Amino acid sequence: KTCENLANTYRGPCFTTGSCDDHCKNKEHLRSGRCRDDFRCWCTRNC
């Protein structure tokens, strides 16, 4: 399944999933990244 937790190295509010996802893929090397309702970047990872 997918497990999802906050982006560690993303300091600040998130406004767009594309910003979060790049961060999670490119920087944190996880599955995806989503900019959720809670305004933070959550990186999705396979589990």
# chains A, B, ... in the order shown; residues from 1 in each chain; ligands from 1
>>> residues_around(residues="range 30-37 of chain A", least_positions_apart="3", cutoff="7 Å", atoms="only C-alpha atoms", output="ChimeraX atom specification")
/A:14-17,20-21,24-25,40-46
>>> write_last_selection(atoms="N, CA, C and O atoms", output="PDB file, in the first residue's frame")
ATOM      1  N   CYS A  14       2.736  24.621   1.729  1.00  0.00           N
ATOM      2  CA  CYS A  14       2.658  24.095   0.408  1.00  0.00           C
ATOM      3  C   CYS A  14       1.432  24.659  -0.267  1.00  0.00           C
ATOM      4  O   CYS A  14       0.391  24.838   0.377  1.00  0.00           O
ATOM      5  N   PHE A  15       1.546  24.966  -1.543  1.00  0.00           N
ATOM      6  CA  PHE A  15       0.435  25.536  -2.263  1.00  0.00           C
ATOM      7  C   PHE A  15       0.061  24.702  -3.498  1.00  0.00           C
ATOM      8  O   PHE A  15      -1.049  24.816  -4.015  1.00  0.00           O
ATOM      9  N   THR A  16       0.972  23.870  -3.978  1.00  0.00           N
ATOM     10  CA  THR A  16       0.728  23.072  -5.170  1.00  0.00           C
ATOM     11  C   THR A  16       1.397  21.678  -5.042  1.00  0.00           C
ATOM     12  O   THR A  16       2.537  21.566  -4.560  1.00  0.00           O
ATOM     13  N   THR A  17       0.693  20.634  -5.476  1.00  0.00           N
ATOM     14  CA  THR A  17       1.194  19.269  -5.425  1.00  0.00           C
ATOM     15  C   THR A  17       2.471  19.084  -6.255  1.00  0.00           C
ATOM     16  O   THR A  17       3.385  18.411  -5.815  1.00  0.00           O
ATOM     17  N   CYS A  20       5.398  19.873  -4.146  1.00  0.00           N
ATOM     18  CA  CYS A  20       5.581  18.864  -3.128  1.00  0.00           C
ATOM     19  C   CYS A  20       6.129  17.571  -3.736  1.00  0.00           C
ATOM     20  O   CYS A  20       7.101  17.000  -3.242  1.00  0.00           O
ATOM     21  N   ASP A  21       5.535  17.152  -4.839  1.00  0.00           N
ATOM     22  CA  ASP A  21       5.893  15.905  -5.495  1.00  0.00           C
ATOM     23  C   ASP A  21       7.317  15.921  -5.990  1.00  0.00           C
ATOM     24  O   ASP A  21       8.029  14.927  -5.849  1.00  0.00           O
ATOM     25  N   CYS A  24       9.456  15.458  -2.974  1.00  0.00           N
ATOM     26  CA  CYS A  24       9.438  14.108  -2.481  1.00  0.00           C
ATOM     27  C   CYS A  24      10.143  13.130  -3.427  1.00  0.00           C
ATOM     28  O   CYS A  24      10.806  12.235  -2.973  1.00  0.00           O
ATOM     29  N   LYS A  25      10.018  13.315  -4.732  1.00  0.00           N
ATOM     30  CA  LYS A  25      10.673  12.461  -5.687  1.00  0.00           C
ATOM     31  C   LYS A  25      12.155  12.794  -5.830  1.00  0.00           C
ATOM     32  O   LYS A  25      13.024  11.959  -5.599  1.00  0.00           O
ATOM     33  N   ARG A  40       0.536  21.219   4.077  1.00  0.00           N
ATOM     34  CA  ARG A  40       1.898  20.766   4.098  1.00  0.00           C
ATOM     35  C   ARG A  40       2.137  19.734   3.026  1.00  0.00           C
ATOM     36  O   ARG A  40       1.193  19.216   2.409  1.00  0.00           O
ATOM     37  N   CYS A  41       3.384  19.488   2.773  1.00  0.00           N
ATOM     38  CA  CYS A  41       3.810  18.537   1.799  1.00  0.00           C
ATOM     39  C   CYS A  41       3.928  17.179   2.444  1.00  0.00           C
ATOM     40  O   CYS A  41       4.610  17.021   3.464  1.00  0.00           O
ATOM     41  N   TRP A  42       3.240  16.236   1.891  1.00  0.00           N
ATOM     42  CA  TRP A  42       3.262  14.881   2.351  1.00  0.00           C
ATOM     43  C   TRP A  42       3.830  14.014   1.267  1.00  0.00           C
ATOM     44  O   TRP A  42       3.361  14.059   0.133  1.00  0.00           O
ATOM     45  N   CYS A  43       4.803  13.245   1.595  1.00  0.00           N
ATOM     46  CA  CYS A  43       5.410  12.363   0.655  1.00  0.00           C
ATOM     47  C   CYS A  43       4.769  10.995   0.788  1.00  0.00           C
ATOM     48  O   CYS A  43       4.615  10.474   1.908  1.00  0.00           O
ATOM     49  N   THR A  44       4.403  10.414  -0.315  1.00  0.00           N
ATOM     50  CA  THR A  44       3.781   9.151  -0.322  1.00  0.00           C
ATOM     51  C   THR A  44       4.898   8.143  -0.528  1.00  0.00           C
ATOM     52  O   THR A  44       5.833   8.420  -1.283  1.00  0.00           O
ATOM     53  N   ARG A  45       4.858   7.044   0.153  1.00  0.00           N
ATOM     54  CA  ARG A  45       5.840   6.013  -0.038  1.00  0.00           C
ATOM     55  C   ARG A  45       5.176   4.658  -0.031  1.00  0.00           C
ATOM     56  O   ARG A  45       4.177   4.450   0.660  1.00  0.00           O
ATOM     57  N   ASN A  46       5.687   3.771  -0.835  1.00  0.00           N
ATOM     58  CA  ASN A  46       5.182   2.450  -0.955  1.00  0.00           C
ATOM     59  C   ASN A  46       5.520   1.612   0.259  1.00  0.00           C
ATOM     60  O   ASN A  46       6.652   1.636   0.745  1.00  0.00           O
TER      61      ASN A  46
END
>>> select_by_dssp(residues="chain A", states="strand (DSSP E)", output="MDAnalysis selection string")
chainID A and resid 2:6 32:35 41:46
>>> atom_distance(atom1="CA of residue 5 in chain A", atom2="CA of residue 28 in chain A")
11.6 Å
>>> atom_distance(atom1="CA of residue 13 in chain A", atom2="CA of residue 29 in chain A")
19.9 Å
>>> atom_distance(atom1="CA of residue 27 in chain A", atom2="CA of residue 1 in chain A")
21.7 Å
>>> select_by_dssp(residues="chain A", states="helix (DSSP H, G or I)", output="VMD selection string")
chain A and resid 17 to 27
>>> decode(residues="range 25-38 of chain A", atoms="N, CA, C and O atoms", output="mmCIF file, in the first residue's frame")
data_model
loop_
_atom_site.group_PDB
_atom_site.id
_atom_site.type_symbol
_atom_site.label_atom_id
_atom_site.label_comp_id
_atom_site.auth_asym_id
_atom_site.auth_seq_id
_atom_site.Cartn_x
_atom_site.Cartn_y
_atom_site.Cartn_z
ATOM 1 N N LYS A 25 10.018 13.315 -4.732
ATOM 2 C CA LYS A 25 10.673 12.461 -5.687
ATOM 3 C C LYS A 25 12.155 12.794 -5.830
ATOM 4 O O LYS A 25 13.024 11.959 -5.599
ATOM 5 N N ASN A 26 12.418 14.012 -6.197
ATOM 6 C CA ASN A 26 13.744 14.502 -6.520
ATOM 7 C C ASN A 26 14.631 14.667 -5.283
ATOM 8 O O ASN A 26 15.783 14.236 -5.290
ATOM 9 N N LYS A 27 14.102 15.236 -4.213
ATOM 10 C CA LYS A 27 14.929 15.460 -3.038
ATOM 11 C C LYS A 27 14.831 14.318 -2.037
ATOM 12 O O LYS A 27 15.842 13.811 -1.589
ATOM 13 N N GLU A 28 13.626 13.880 -1.708
ATOM 14 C CA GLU A 28 13.486 12.857 -0.668
ATOM 15 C C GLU A 28 13.437 11.437 -1.208
ATOM 16 O O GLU A 28 13.461 10.472 -0.447
ATOM 17 N N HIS A 29 13.379 11.336 -2.521
ATOM 18 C CA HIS A 29 13.387 10.069 -3.261
ATOM 19 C C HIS A 29 12.324 9.071 -2.823
ATOM 20 O O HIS A 29 12.599 7.876 -2.643
ATOM 21 N N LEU A 30 11.127 9.559 -2.660
ATOM 22 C CA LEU A 30 9.995 8.733 -2.339
ATOM 23 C C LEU A 30 9.052 8.671 -3.543
ATOM 24 O O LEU A 30 9.394 9.173 -4.624
ATOM 25 N N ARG A 31 7.880 8.084 -3.354
ATOM 26 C CA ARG A 31 6.937 7.814 -4.443
ATOM 27 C C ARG A 31 6.412 9.096 -5.053
ATOM 28 O O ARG A 31 6.689 9.430 -6.206
ATOM 29 N N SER A 32 5.668 9.804 -4.276
ATOM 30 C CA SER A 32 4.983 10.961 -4.728
ATOM 31 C C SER A 32 4.983 11.946 -3.610
ATOM 32 O O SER A 32 5.480 11.646 -2.519
ATOM 33 N N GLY A 33 4.454 13.077 -3.870
ATOM 34 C CA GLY A 33 4.279 14.064 -2.876
ATOM 35 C C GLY A 33 3.021 14.795 -3.156
ATOM 36 O O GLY A 33 2.726 15.101 -4.314
ATOM 37 N N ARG A 34 2.255 15.026 -2.152
ATOM 38 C CA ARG A 34 1.007 15.704 -2.301
ATOM 39 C C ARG A 34 0.864 16.832 -1.390
ATOM 40 O O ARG A 34 1.309 16.814 -0.240
ATOM 41 N N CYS A 35 0.229 17.807 -1.904
ATOM 42 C CA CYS A 35 -0.031 18.986 -1.187
ATOM 43 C C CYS A 35 -1.418 18.834 -0.665
ATOM 44 O O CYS A 35 -2.396 18.885 -1.430
ATOM 45 N N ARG A 36 -1.527 18.556 0.591
ATOM 46 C CA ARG A 36 -2.802 18.212 1.125
ATOM 47 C C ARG A 36 -3.529 19.395 1.724
ATOM 48 O O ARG A 36 -3.010 20.514 1.749
ATOM 49 N N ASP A 37 -4.732 19.129 2.208
ATOM 50 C CA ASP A 37 -5.649 20.139 2.772
ATOM 51 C C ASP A 37 -5.046 20.852 3.972
ATOM 52 O O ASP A 37 -5.362 21.999 4.259
ATOM 53 N N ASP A 38 -4.154 20.170 4.630
ATOM 54 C CA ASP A 38 -3.466 20.662 5.816
ATOM 55 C C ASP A 38 -2.295 21.604 5.459
ATOM 56 O O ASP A 38 -1.538 22.044 6.338
#
